[PDB]
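Chemist:
Number of protein chains: 2
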Amino acid sequence: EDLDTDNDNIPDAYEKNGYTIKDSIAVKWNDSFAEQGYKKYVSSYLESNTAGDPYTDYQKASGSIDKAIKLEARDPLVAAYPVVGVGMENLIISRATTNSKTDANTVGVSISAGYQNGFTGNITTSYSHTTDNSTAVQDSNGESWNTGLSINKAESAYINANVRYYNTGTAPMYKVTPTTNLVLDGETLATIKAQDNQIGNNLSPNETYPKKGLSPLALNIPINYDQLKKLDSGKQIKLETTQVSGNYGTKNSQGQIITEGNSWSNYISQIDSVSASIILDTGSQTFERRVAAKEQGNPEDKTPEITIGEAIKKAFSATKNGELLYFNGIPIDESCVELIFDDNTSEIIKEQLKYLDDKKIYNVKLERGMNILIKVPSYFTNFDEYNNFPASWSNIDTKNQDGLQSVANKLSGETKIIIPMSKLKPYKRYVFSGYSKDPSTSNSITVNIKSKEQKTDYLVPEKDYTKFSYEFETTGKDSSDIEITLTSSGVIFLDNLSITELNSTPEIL
Amino acid sequence: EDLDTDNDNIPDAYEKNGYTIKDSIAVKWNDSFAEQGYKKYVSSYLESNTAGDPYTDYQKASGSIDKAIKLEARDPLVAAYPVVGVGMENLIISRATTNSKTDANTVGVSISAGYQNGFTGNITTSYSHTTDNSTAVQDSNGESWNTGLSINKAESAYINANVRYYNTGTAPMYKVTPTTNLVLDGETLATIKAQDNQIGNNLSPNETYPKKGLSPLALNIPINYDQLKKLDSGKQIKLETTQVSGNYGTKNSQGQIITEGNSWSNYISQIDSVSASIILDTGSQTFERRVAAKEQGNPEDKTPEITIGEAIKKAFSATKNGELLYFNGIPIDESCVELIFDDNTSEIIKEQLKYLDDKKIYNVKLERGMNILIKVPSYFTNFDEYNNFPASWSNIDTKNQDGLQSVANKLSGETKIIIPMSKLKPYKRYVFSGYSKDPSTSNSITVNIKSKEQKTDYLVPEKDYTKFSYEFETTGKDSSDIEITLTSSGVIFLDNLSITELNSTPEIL
Ligand SMILES: [Ca+2]
Ligand SMILES: [Ca+2]
Ligand SMILES: [Ca+2]
Ligand SMILES: [Ca+2]
Ligand SMILES: [Ca+2]
Ligand SMILES: [Ca+2]
Numbered sequence: 216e217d218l219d220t221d222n223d224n225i226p227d228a229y230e231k232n233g234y235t236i237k238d239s240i241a242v243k244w245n246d247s248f249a250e251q252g253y254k255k256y257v258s259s260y261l262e263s264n265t266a267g268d269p270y271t272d273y274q275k276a277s278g279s280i281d282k283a284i285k286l287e288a289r290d291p292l293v294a295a296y297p298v299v300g301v302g303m304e305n306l307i308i323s324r325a326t327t328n329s330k331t332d333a334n335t336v337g338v339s340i341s342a343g344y345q346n347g348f349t350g351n352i353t354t355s356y357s358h359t360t361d362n363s364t365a366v367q368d369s370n371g372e373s374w375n376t377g378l379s380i381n382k383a384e385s386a387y388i389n390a391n392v393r394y395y396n397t398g399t400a401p402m403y404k405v406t407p408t409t410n411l412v413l414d415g416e417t418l419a420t421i422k423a424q425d426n427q428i429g430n431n432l433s434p435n436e437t438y439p440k441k442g443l444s445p446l447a448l449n459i460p461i462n463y464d465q466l467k468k469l470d471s472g473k474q475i476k477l478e479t480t481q482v483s484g485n486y487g488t489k490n491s492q493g494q495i496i497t498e499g500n501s502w503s504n505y506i507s508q509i510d511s512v513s514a515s516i517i518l519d520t521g522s523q524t525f526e527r528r529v530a531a532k533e534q535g536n537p538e539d540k541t542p543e544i545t546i547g548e549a550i551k552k553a554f555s556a557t558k559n560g561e562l563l564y565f566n567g568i569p570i571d572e573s574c575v576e577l578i579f580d581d582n583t584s585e586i587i588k589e590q591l592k593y594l595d596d597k598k599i600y601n602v603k604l605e606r607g608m609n610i611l612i613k614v615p616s617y618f619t620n621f622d623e624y625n626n627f628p629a630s631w632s633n634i635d636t637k638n639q640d641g642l643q644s645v646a647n648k649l650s651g652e653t654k655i656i657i658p659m660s661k662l663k664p665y666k667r668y669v670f671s672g673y674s675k676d677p678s679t680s681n682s683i684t685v686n687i688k689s690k691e692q693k694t695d696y697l698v699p700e701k702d703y704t705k706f707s708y709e710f711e712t713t714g715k716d717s718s719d720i721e722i723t724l725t726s727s728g729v730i731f732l733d734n735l736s737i738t739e740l741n742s743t744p745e746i747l
Numbered sequence: 216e217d218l219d220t221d222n223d224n225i226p227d228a229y230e231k232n233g234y235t236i237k238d239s240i241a242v243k244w245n246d247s248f249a250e251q252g253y254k255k256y257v258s259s260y261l262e263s264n265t266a267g268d269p270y271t272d273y274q275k276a277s278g279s280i281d282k283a284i285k286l287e288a289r290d291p292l293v294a295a296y297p298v299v300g301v302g303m304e305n306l307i308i323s324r325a326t327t328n329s330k331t332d333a334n335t336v337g338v339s340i341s342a343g344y345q346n347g348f349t350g351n352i353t354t355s356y357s358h359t360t361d362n363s364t365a366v367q368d369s370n371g372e373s374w375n376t377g378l379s380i381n382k383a384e385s386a387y388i389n390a391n392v393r394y395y396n397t398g399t400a401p402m403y404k405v406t407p408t409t410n411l412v413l414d415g416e417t418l419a420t421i422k423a424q425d426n427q428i429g430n431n432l433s434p435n436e437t438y439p440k441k442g443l444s445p446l447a448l449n459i460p461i462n463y464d465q466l467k468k469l470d471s472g473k474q475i476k477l478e479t480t481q482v483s484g485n486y487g488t489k490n491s492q493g494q495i496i497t498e499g500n501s502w503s504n505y506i507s508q509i510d511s512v513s514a515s516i517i518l519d520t521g522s523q524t525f526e527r528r529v530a531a532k533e534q535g536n537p538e539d540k541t542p543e544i545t546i547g548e549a550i551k552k553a554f555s556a557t558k559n560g561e562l563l564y565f566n567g568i569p570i571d572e573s574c575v576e577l578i579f580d581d582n583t584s585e586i587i588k589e590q591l592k593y594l595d596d597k598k599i600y601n602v603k604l605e606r607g608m609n610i611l612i613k614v615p616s617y618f619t620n621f622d623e624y625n626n627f628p629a630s631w632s633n634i635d636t637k638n639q640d641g642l643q644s645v646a647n648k649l650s651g652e653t654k655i656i657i658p659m660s661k662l663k664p665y666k667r668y669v670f671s672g673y674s675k676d677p678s679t680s681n682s683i684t685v686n687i688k689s690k691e692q693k694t695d696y697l698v699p700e701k702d703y704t705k706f707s708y709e710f711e712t713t714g715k716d717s718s719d720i721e722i723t724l725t726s727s728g729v730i731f732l733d734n735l736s737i738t739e740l741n742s743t744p745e746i747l
């Protein structure tokens, strides 16, 4: 029982059934290690680099790699992979702006009344990655760009951009040389590549170049009246990185760290073709991960098969407290977040859910080629231990034990919540979602939402818990508050209420 | 029985009679492996690189190569070979366009009434590859380029192109540097080569640079009145890549992946001279493959000999369901697609068909220097399990068992089909093809096709099944529908009806 088919210092049996690294040697997994902090690693016994990255299974598991690599990349099934993009902070034509890395994913999402057959996720038509950045101009107050830039039919150029690089991956990049396009709708103004002074020497995960506390970088554009007025009328300019060139660190025979000749492009296509892509957006910081998966046809592919929940826990270092995952305290269970899939992933999940008795997305096996996006709600209450809503709900009755997880709220009457506009970002699309149950299957619920327009909807709860979602929008920072009223004709059980922010509606100057 | 003449870790006997890779070692083929997913590999025992590519037979069969290489390139008889071309998406002189990679092959194809001696294919005079790209300008509506570009005898230049690279091969290319010519009829405007910013760092098969969801690349042209009016009058500009330079990945002694010094041009001429070329066009995506073949003179050439159907199955990973091949569900049997050959391949197939009792193209041996193109029909019905026609046929009688494969349609009267123009691309040439049989050899069929011009033809079915083809054209998106009527004087058996799109007719502004 010491065979090593792939020659990476881990025996086949340990690599097949579970192992952990102690004193820099692989040992067989024992269930008593879990309380001591030891993690259970499983990988392929026919391949030395299971995930497709520059580091083998033993190097990743034992930590004999760059110490700037995230700890969740020490799992052989999670790839060490940089995700580097560029985003602008100032637009000079003299007005600031913000950037969003998950707007393109969300724009092509349509929200309906309810969900069928236990599939509580959502489908997007324009799935994209965190490197596709869309900037929203702040502090406008209906001041068109033409005021002070008087133009009739001239292409006067005079636009300046202050960019900053970001890394949402698990590995650092060295000698970062990005290539970007600044496009408004479909017009490629230029293909600008960092020549010699906009090269970042190093860029750690969750960090920017230049680091926080430094002025944004400036890289060095003609613009005509047509696209200028397009920008003036409900359009946001976008900055997309087509490619980034950079290096990774490895040890010499002398023990030094080198990055020259260690191009990250030698591995990008291999990693992207042997794994599934997952994105987590907590509302302030975004993470993108690649998790290795099996190809269905090959009988000689020995990559371990794990579920979606196991993949999420391994990739984002979530903590399993009982049966639910927590990311730094934020609940990220399938009933506490918003799950967005492309068409193929949604079809696969729907097909697999027919034969699954649990009817949970997190119990569906993970397959390569998938694309998953998790949106953590801006506000979420479950009536059990977590409530981050700015204003407490009215008529709250927690004296129940029939909740989705622990307890529920007994709706006998009406529940109204008020939200000041200062707690929400202006010109955004939001979704209010929840789970409802009517054991008698006789009662009905009316939902009234006060927004830029008044909305009223009617839903009939079923015997068991079902999910409902309703969308609304916000207009202007200096406007009225948001009122949400849920009224029931009888007794209803409510649980897992949340409000999450979707993409931003157009700004009309 | 352990000889290894070529020293590639596969014994001569296994390599001669059939082998498969299990636990990273070669084992003798057994017929009981087929249901377990194992493929049967055969190669040459006198050469380590049977197909001529950078990877040996053992590396390809065992998968010890780049994980971005397609699985069908793991067969030693199918080469790992990039096919990189360039195609434009926007033409600015302010109007969009589309690209076609198989128009040049199809333009030189003449369609006749019937086929003789069991040869159901077609002959082309201008066979070309997927790197020869012809663009068709969309959304014209008879608006000449001179309107707004008023020119009498001046060469005012002012043309802009937005290009995008594509890969139809089985292997990725690294550091892509294409060289292209933008030519209208025979005028070489310039020989433009990607200098420093239009270099794609990596380009996987079935993918583009920049990837889908990114703005098209712009590379940086004088044009005179003569060729401008030529373009105005029924001419489409073409963009041909003369050569592309790029690299492939290989493993170090340290186990890293390197692409520097690994030029793809060291192998192009060798692969092209030791193989046959096959192209498959499903109507939306196109694939080009090279399959190794034997040279006739050499008695010391040990390359295995396979038929055309075996070559197609190996090259495109088709599935043999019974006796017919399916490509992702699309039937690609010789009676369900359009086969186009150049002159030499057609002559060889005709010569070999004389001694073949089966009289099938797919049973003819494959030889090097061949050139095969497969066009999947836009619409196809076989009355057995597959029918993707937009509108169901009239007077359908499937109560028969005398079909070409399973059942046929009994024509006693007339069959009429209507096709809305929204289901067809305007300004295109189409072919309606089918198989007919008259056991009594007494009846006759009249075919009436309503198109830009009204066409009527008469055919006399033979005792057994024979193929008929009739061509027509479409004009304008906003026009009348297409009517096809087949009328029989008696009882006829019809099977395998299809409509396939040929090249595009000239556009007159
Ligand atoms: Ca091992
Ligand atoms: Ca391994
Ligand atoms: Ca609860
Ligand atoms: Ca051998
Ligand atoms: Ca060999
Ligand atoms: Ca049939």
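Protein chains in written order, with the entry's author numbering: chain A, 216 to 308, 323 to 449, 459 to 747; chain A', 216 to 308, 323 to 449, 459 to 747. A prime marks a further copy of an entry chain.
We put the beta carbon where it would ideally sit given N, CA and C, even for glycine.
Tell me which same chain residues have a C-beta within less than 8 angstroms of the C-beta of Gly278/A', skipping the five on either side of it?
Modeler: The count along the second sequence starts at 1 and reaches residue 278/A' at position 63. So the qualifying residues of the chain are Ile236 and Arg289.
Chemist: Taking all protein chains shown into account, decide if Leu432/A' is buried (16 or more other Cβ within 10 angstroms of its Cβ) or exposed.
Modeler: Within the second sequence, the letter at position 203 stands for residue 432/A'. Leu432/A' should be labelled buried.
Chemist: Looking at the secondary structure, which residues open and close the alpha helix (DSSP H) in which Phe554/A lies?
Modeler: Taking the first residue of the first sequence as position 1, residue 554/A is located at position 316. Note, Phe554/A: alpha helix (DSSP H), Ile546 to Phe554.
Chemist: Assuming contact is defined by CB atoms lying nearer than 8 angstroms, are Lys705/A and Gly343/A in contact in what I supplied?
Modeler: For the purposes of this step, residue 705/A is taken as the residue at position 467 of the first sequence. For the purposes of this step, residue 343/A is taken as the residue at position 114 of the first sequence. Going by C-beta atoms, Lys705/A is nearer than 8 angstroms to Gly343/A.
Chemist: For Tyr296/A, which of helix, strand or coil comes out of DSSP?
Modeler: Walking along the first sequence from the start, residue 296/A turns up at place 81. Looking at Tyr296/A - three-state DSSP - the assignment turns out to be coil, as it is neither helix nor strand.
Chemist: Cα-Cα, which of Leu732/A, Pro699/A, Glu739/A and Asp733/A is closest to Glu711/A?
Modeler: By one-based count along the first sequence, residue 711/A stands at place 473. Checked all of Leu732/A, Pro699/A, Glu739/A and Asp733/A; the closest Cα to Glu711/A is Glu739/A.
Chemist: Runs of 3 residues minimum, wholly inside the stretch 584 to 623 of chain A: which ones carry the beta strand (DSSP E) assignment?
Modeler: Listed in chain order, they are 609 to 613 and 617 to 619.
Chemist: Can you give me the C-alpha to C-alpha distance between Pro744/A' and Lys666/A', rounded to a whole angstrom?
Modeler: Position 506 of the second sequence, counted from the first residue, corresponds to residue 744/A'. Position 428 of the second sequence, counted from the first residue, corresponds to residue 666/A'. Between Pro744/A' and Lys666/A', the C-alpha separation is close to 9 angstroms.
Chemist: Looking at the secondary structure, which residues open and close the beta strand (DSSP E) in which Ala276/A' lies?
Modeler: On the second sequence, position 61 is the one that residue 276/A' refers to. Looking at the DSSP string, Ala276/A' is not in any beta strand (DSSP E); the run it does join, the alpha helix (DSSP H), is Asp272 to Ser277.
Chemist: Where do the N-terminal and C-terminal ends of the beta strand (DSSP E) with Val392/A fall, by residue?
Modeler: As a working note, residue 392/A is residue 163 in the first sequence. Looking at the DSSP string, the run of the beta strand (DSSP E) that includes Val392/A is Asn389 to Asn396.
Chemist: Thinking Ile284/A and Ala400/A are a contact (beta carbons under 8 angstroms), I'd like their distance in whole angstroms, please.
Modeler: Position 69 of the first sequence holds residue 284/A. Position 171 of the first sequence holds residue 400/A. Yes, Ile284/A and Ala400/A are in contact; Cβ-Cβ is about 5 angstroms, under 8 angstroms.
Chemist: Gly535/A CB to nearest chain A' CB: under 8 angstroms?
Modeler: As a position in the first sequence, residue 535/A is number 297, starting the count at 1. Answer yes: the Cβ-Cβ gap between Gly535/A and chain A' drops below 8 angstroms somewhere.
Chemist: Can you name the start and end residues of the beta strand (DSSP E) that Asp238/A belongs to?
Modeler: For the purposes of this step, residue 238/A is taken as residue 23 along the first sequence, with counting starting at 1. Element bounds for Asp238/A: n/a, residue is neither H nor E.
Chemist: Among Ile578/A', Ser632/A', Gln692/A' and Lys637/A', which has the Cα closest to the Cα of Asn609/A'?
Modeler: Within the second sequence, residue 609/A' is the residue found at index 371, counting from 1. Nearest of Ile578/A', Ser632/A', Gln692/A' and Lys637/A' to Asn609/A', Cα basis: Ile578/A'.
Chemist: What does a CB cutoff of less than 7 angstroms around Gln427/A pick up in its chain, not counting 5 residues either side in sequence?
Modeler: Along the first sequence, one-based indexing puts residue 427/A at 198. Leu446 and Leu448, listed in sequence order.
Chemist: Starting from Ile506/A, find everything on chain A' with Cβ-Cβ shorter than 8 angstroms and list it in chain order.
Modeler: As a working mapping, residue 506/A is identified with position 268 in the first sequence. Neighbours of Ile506/A on chain A', chain order: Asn430 and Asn431.
Chemist: Between which two residues does the alpha helix (DSSP H) harbouring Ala419/A' extend?
Modeler: Position 190 of the second sequence, counted from the start, is the residue given in the question as residue 419/A'. Taken as a continuous stretch (DSSP letters only), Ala419/A' belongs to no alpha helix (DSSP H), being part of the beta strand (DSSP E) at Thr417 to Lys422.
Chemist: Within 10 Å of its beta-carbon, does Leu466/A' have 16 or more other beta-carbons around it, so buried, or fewer, so exposed?
Modeler: Numbered from its first residue, the second sequence carries residue 466/A' at position 228. Flag for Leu466/A' reads buried.
Chemist: Applying the criterion that 16 or more other CB atoms from any shown protein chain within 10 Å of the CB defines a buried residue, is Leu218/A buried or exposed?
Modeler: To locate residue 218/A, count along the first sequence from 1; it is residue 3. Exposed, because fewer than 16 other Cβ atoms sit within 10 Å of the Cβ of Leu218/A.
Chemist: Quick one: list the residues of chain A' neighbouring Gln481/A, beta-carbon separation under 7 angstroms, in chain order.
Modeler: One-based indexing of the first sequence puts residue 481/A at position 243. In chain order: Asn430.
Chemist: Sort out for me which residues DSSP pairs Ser515/A' with in a bridge.
Modeler: Counted from its first residue, the second sequence places residue 515/A' at position 277. DSSP, once it has assigned bridges, lists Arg528/A' and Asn609/A' as partnering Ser515/A'.
Chemist: For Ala530/A', is the classification buried or exposed, using 16 other Cβ atoms within 10 angstroms of its Cβ as the cut-off for buried?
Modeler: Translated into the one-based positions of the second sequence, residue 530/A' becomes position 292. By the neighbour-count rule (16 or more Cβ atoms within 10 Å), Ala530/A' is buried.
Chemist: Based on DSSP bridge pairs, tell me the residues matched to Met659/A.
Modeler: The residue given as residue 659/A occupies position 421 in the first sequence. Answer is none; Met659/A lacks a bridge partner.
Chemist: Can you tell me whether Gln643/A' sits near ligand 6, meaning its C-beta is under 7 angstroms from at least one heavy atom of the ligand?
Modeler: Numbered from 1 along the second sequence, position 405 holds the residue referred to as residue 643/A'. Answer for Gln643/A': yes, Cβ within range of ligand 6.
Chemist: So, at 6 angstroms on beta carbons, what are the nonlocal neighbours of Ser671/A' in its own chain, with the 5 sequence-adjacent residues on each side left out?
Modeler: Taking the second sequence and counting its residues from 1, one reaches residue 671/A' at position 433. Same-chain partners within the cutoff: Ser707 and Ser736.
Chemist: For the alpha helix (DSSP H) that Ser507/A' lies in, which residues bound it at each end?
Modeler: Stepping through the second sequence from its first residue, residue 507/A' is reached at position 269. From DSSP, the alpha helix (DSSP H) with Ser507/A' extends over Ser503 to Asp510.
Chemist: Could one say the Cβ of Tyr234/A' lies closer than 8 angstroms to chain A's Cβ atoms, at least one of them?
Modeler: Counted from its first residue, the second sequence places residue 234/A' at position 19. Chain A contact via Cβ: absent.
Chemist: Return the residue from the list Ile308/A', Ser650/A', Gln367/A' and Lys715/A' that minimises the CA-CA distance to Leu662/A'.
Modeler: Along the second sequence, read from residue 1 onward, the residue named residue 662/A' stands at position 424. Nearest C-alpha to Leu662/A': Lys715/A'.
Chemist: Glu652/A: which of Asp635/A, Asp596/A and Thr725/A sits nearest, CA to CA?
Modeler: The residue given as residue 652/A occupies position 414 in the first sequence. For the residues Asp635/A, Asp596/A and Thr725/A, the minimum Cα distance to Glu652/A belongs to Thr725/A.
Chemist: Near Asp640/A, which residues of its chain fall below 7 angstroms by C-beta distance, leaving aside the five closest residues on each side in sequence?
Modeler: Translated into positions along the first sequence, residue 640/A becomes position 402. Excluding positions up to five away in sequence, the list reads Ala646 and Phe731.
Chemist: Measure the alpha-carbon distance for residue 751/A versus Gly567/A' and round it to whole angstroms.
Modeler: Limits of chain A in this structure are 216 at one end and 747 at the other, which puts residue 751/A out of reach.
Chemist: Does the beta carbon of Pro291/A come closer than 8 angstroms to any beta carbon on chain A'?
Modeler: Walking along the first sequence from the start, residue 291/A turns up at place 76. False, the Cβ-Cβ gap to chain A' never drops below 8 angstroms.
Chemist: Taking only heavy atoms of ligand 4 into account, decide whether any of them is closer than 7 angstroms to the Cβ of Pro744/A'.
Modeler: Position 506 of the second sequence, counted from the start, is the residue given in the question as residue 744/A'. Incorrect: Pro744/A' has no Cβ contact closer than 7 angstroms to ligand 4.
Chemist: Between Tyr403/A' and chain A, is any beta-carbon pair separated by less than 8 angstroms?
Modeler: Residue numbering aside, residue 403/A' sits at position 174 when the second sequence is read from its first letter. Output row for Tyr403/A': interface = yes.
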